[PDB]
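Trainee: Just input_4.txt, nothing more (compact mmCIF, C-alpha atoms):
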```txt
# COMPACT_ATOMS: atom_id res chain seq x y z
CA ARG J 12 20.49 13.48 -56.02
CA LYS J 13 23.32 11.01 -56.41
CA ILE J 14 24.05 12.11 -52.84
CA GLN J 15 20.66 10.81 -51.68
CA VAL J 16 21.60 7.38 -53.01
CA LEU J 17 24.91 7.61 -51.14
CA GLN J 18 23.15 9.13 -48.11
CA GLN J 19 20.73 6.19 -48.06
CA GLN J 20 23.64 3.75 -48.35
CA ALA J 21 25.30 5.36 -45.32
CA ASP J 22 21.97 5.34 -43.47
CA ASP J 23 21.47 1.63 -44.15
CA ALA J 24 25.04 0.79 -43.10
CA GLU J 25 24.75 2.68 -39.81
CA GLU J 26 21.42 0.93 -39.23
CA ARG J 27 22.89 -2.56 -39.75
CA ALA J 28 25.68 -1.74 -37.30
CA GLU J 29 23.20 -0.54 -34.67
CA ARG J 30 21.14 -3.68 -35.27
CA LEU J 31 24.25 -5.79 -34.63
CA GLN J 32 25.19 -3.78 -31.52
CA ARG J 33 21.85 -4.68 -29.95
CA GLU J 34 22.46 -8.28 -31.04
CA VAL J 35 25.68 -8.26 -29.00
CA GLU J 36 23.86 -7.05 -25.89
CA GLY J 37 21.12 -9.65 -26.38
CA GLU J 38 23.63 -12.47 -26.75
CA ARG J 39 25.50 -11.23 -23.66
CA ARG J 40 22.26 -11.34 -21.65
CA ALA J 41 21.56 -14.90 -22.79
CA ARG J 42 25.16 -15.89 -22.00
CA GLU J 43 24.89 -14.49 -18.48
CA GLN J 44 21.61 -16.36 -17.96
CA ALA J 45 23.12 -19.69 -19.02
CA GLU J 46 26.20 -19.06 -16.88
CA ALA J 47 23.96 -18.21 -13.92
CA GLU J 48 22.17 -21.54 -14.38
CA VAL J 49 25.57 -23.26 -14.45
CA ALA J 50 26.35 -21.75 -11.05
CA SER J 51 22.97 -22.85 -9.65
CA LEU J 52 23.38 -26.41 -10.91
CA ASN J 53 26.94 -26.48 -9.53
CA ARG J 54 25.58 -25.66 -6.08
CA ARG J 55 22.74 -28.18 -6.44
CA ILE J 56 24.94 -31.12 -7.46
CA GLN J 57 27.31 -30.44 -4.56
CA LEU J 58 24.38 -30.68 -2.13
CA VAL J 59 23.09 -34.01 -3.46
CA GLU J 60 26.62 -35.42 -3.49
CA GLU J 61 26.81 -34.42 0.18
CA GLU J 62 23.45 -36.10 0.81
CA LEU J 63 24.78 -39.21 -0.94
CA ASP J 64 27.97 -39.28 1.14
CA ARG J 65 25.89 -39.15 4.32
CA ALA J 66 23.55 -41.82 2.95
CA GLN J 67 26.45 -44.17 2.20
CA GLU J 68 28.12 -43.35 5.52
CA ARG J 69 24.89 -44.20 7.34
CA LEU J 70 24.70 -47.41 5.31
CA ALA J 71 28.24 -48.23 6.44
CA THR J 72 27.32 -47.82 10.12
CA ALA J 73 24.30 -50.09 9.65
CA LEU J 74 26.28 -52.74 7.76
CA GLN J 75 29.19 -52.39 10.19
CA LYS J 76 26.77 -52.89 13.11
CA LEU J 77 25.79 -56.17 11.37
CA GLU J 78 29.14 -58.01 11.55
CA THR I 6 30.10 23.99 -55.61
CA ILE I 7 31.94 21.47 -57.77
CA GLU I 8 34.36 20.44 -55.02
CA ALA I 9 31.56 20.56 -52.42
CA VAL I 10 29.84 17.70 -54.27
CA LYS I 11 33.00 15.64 -54.68
CA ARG I 12 33.68 16.19 -50.97
CA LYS I 13 30.14 15.44 -49.79
CA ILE I 14 30.36 12.18 -51.75
CA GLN I 15 33.72 11.32 -50.16
CA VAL I 16 32.49 11.95 -46.61
CA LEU I 17 29.36 9.85 -47.17
CA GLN I 18 31.34 6.95 -48.66
CA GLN I 19 33.82 7.03 -45.77
CA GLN I 20 30.88 6.91 -43.35
CA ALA I 21 29.54 3.73 -44.97
CA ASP I 22 32.99 2.12 -45.06
CA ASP I 23 33.52 2.80 -41.34
CA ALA I 24 30.04 1.44 -40.58
CA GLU I 25 30.65 -1.67 -42.67
CA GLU I 26 33.95 -2.33 -40.89
CA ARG I 27 32.25 -1.78 -37.53
CA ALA I 28 29.63 -4.36 -38.54
CA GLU I 29 32.30 -6.98 -39.22
CA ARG I 30 33.83 -6.36 -35.78
CA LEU I 31 30.41 -6.66 -34.14
CA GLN I 32 29.68 -9.90 -36.00
CA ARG I 33 32.75 -11.46 -34.38
CA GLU I 34 31.63 -9.92 -31.06
CA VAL I 35 28.25 -11.61 -31.41
CA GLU I 36 29.94 -14.95 -32.09
CA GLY I 37 32.21 -14.49 -29.08
CA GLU I 38 29.20 -14.14 -26.78
CA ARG I 39 27.30 -16.96 -28.49
CA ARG I 40 30.29 -19.30 -28.25
CA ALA I 41 30.45 -18.65 -24.50
CA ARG I 42 26.67 -19.11 -24.18
CA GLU I 43 26.63 -22.47 -25.95
CA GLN I 44 29.58 -23.60 -23.82
CA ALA I 45 27.52 -22.87 -20.70
CA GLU I 46 24.43 -24.53 -22.17
CA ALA I 47 26.47 -27.69 -22.81
CA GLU I 48 27.62 -27.68 -19.18
CA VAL I 49 24.00 -27.18 -18.10
CA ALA I 50 23.00 -30.32 -20.01
CA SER I 51 25.95 -32.20 -18.52
CA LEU I 52 25.14 -31.06 -14.98
CA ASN I 53 21.51 -32.13 -15.41
CA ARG I 54 22.61 -35.63 -16.44
CA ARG I 55 25.05 -35.87 -13.52
CA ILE I 56 22.44 -34.72 -10.99
CA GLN I 57 20.09 -37.45 -12.22
CA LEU I 58 22.97 -39.92 -11.85
CA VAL I 59 23.65 -38.92 -8.23
CA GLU I 60 19.93 -39.10 -7.44
CA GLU I 61 19.91 -42.71 -8.65
CA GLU I 62 22.96 -43.53 -6.53
CA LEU I 63 21.14 -41.86 -3.64
CA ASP I 64 18.01 -43.98 -4.12
CA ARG I 65 20.12 -47.14 -4.15
CA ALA I 66 21.78 -46.02 -0.91
CA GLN I 67 18.46 -45.21 0.79
CA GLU I 68 16.84 -48.44 -0.42
CA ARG I 69 19.64 -50.63 0.94
CA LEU I 70 19.58 -48.67 4.21
CA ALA I 71 15.86 -49.40 4.69
CA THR I 72 16.62 -53.07 3.97
CA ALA I 73 19.76 -53.25 6.15
CA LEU I 74 17.78 -51.96 9.15
```
Output the structure of this file as structure tokens.
Mentor:
Amino acid sequence: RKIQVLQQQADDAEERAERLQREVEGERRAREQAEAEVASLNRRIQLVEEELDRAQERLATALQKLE
Amino acid sequence: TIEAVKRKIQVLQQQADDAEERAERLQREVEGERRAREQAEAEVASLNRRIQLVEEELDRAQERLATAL
């Protein structure tokens, strides 16, 4: 009957560890989602910077055609 | 029967100790993944501010182009 107190203690400890193991997997999923957004924004900023370079290069041809 | 109770108690206490040590390792594992997540989230916020900056530089370039024509 003292064993049932110890058996419950071991049950609770194993349960907290399993609860934390699922916490690891949930944090890893959220990490991968944020890192996937980082990749998407990296691709998006490169495209607008390319659009800007062309917009300034076009501006240069128009200004250069002015002198 | 006497030793079987002293041994059942020992095996149950070793089980809880191993589980408690596993929990400490997993707590650091959680933090390792969270640290990496919040690093990415900070870069997301930075990339959103930079994209808005480039879009403003773009609008200034397109506006002057329309004028320069």
Trainee: Would you tabulate, counting all atoms listed in the file, all residues of chain J that have an atom at most 6 Å from an atom of chain I, showing the closest pair of atoms and their distance in Å to one decimal, sorted by chain then ascending number, as JSON lines?
Mentor:
```
{"residue": "J:21", "atom": "CA", "partner": "I:21", "partner_atom": "CA", "distance": 4.6}
{"residue": "J:24", "atom": "CA", "partner": "I:24", "partner_atom": "CA", "distance": 5.6}
{"residue": "J:25", "atom": "CA", "partner": "I:24", "partner_atom": "CA", "distance": 5.5}
{"residue": "J:28", "atom": "CA", "partner": "I:28", "partner_atom": "CA", "distance": 4.9}
{"residue": "J:35", "atom": "CA", "partner": "I:35", "partner_atom": "CA", "distance": 4.9}
{"residue": "J:38", "atom": "CA", "partner": "I:38", "partner_atom": "CA", "distance": 5.8}
{"residue": "J:39", "atom": "CA", "partner": "I:38", "partner_atom": "CA", "distance": 5.6}
{"residue": "J:42", "atom": "CA", "partner": "I:42", "partner_atom": "CA", "distance": 4.2}
{"residue": "J:45", "atom": "CA", "partner": "I:45", "partner_atom": "CA", "distance": 5.7}
{"residue": "J:46", "atom": "CA", "partner": "I:45", "partner_atom": "CA", "distance": 5.6}
{"residue": "J:49", "atom": "CA", "partner": "I:49", "partner_atom": "CA", "distance": 5.6}
{"residue": "J:56", "atom": "CA", "partner": "I:56", "partner_atom": "CA", "distance": 5.6}
{"residue": "J:63", "atom": "CA", "partner": "I:63", "partner_atom": "CA", "distance": 5.2}
{"residue": "J:66", "atom": "CA", "partner": "I:66", "partner_atom": "CA", "distance": 6.0}
{"residue": "J:67", "atom": "CA", "partner": "I:66", "partner_atom": "CA", "distance": 5.9}
{"residue": "J:70", "atom": "CA", "partner": "I:70", "partner_atom": "CA", "distance": 5.4}
```
Trainee: One decimal, in Å: what's the spacing between atom CA of residue J:43 and atom CA of residue I:54?
Mentor: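 Atom-to-atom, atom CA of residue J:43 and atom CA of residue I:54 are spaced 21.4 Å apart.
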Trainee: Calculate how many Å separate atom CA of residue J:27 from atom CA of residue J:15, rounding to one decimal.
Mentor: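 If I compute the distance from atom CA of residue J:27 to atom CA of residue J:15, I get 18.1 Å.
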Trainee: Separation of atom CA of residue I:12 and atom CA of residue J:22, in Å?
Mentor: 17.6 Å
Trainee: Could you give me the centre and size, in Å to one decimal, of an axis-aligned box around all listed atoms of stretch 18-29 of chain I with 4 Å added on every side, as lines of an AutoDock Vina configuration file?
Mentor:
```
center_x = 31.7
center_y = 0.0
center_z = -43.1
size_x = 12.4
size_y = 22.0
size_z = 19.1
```
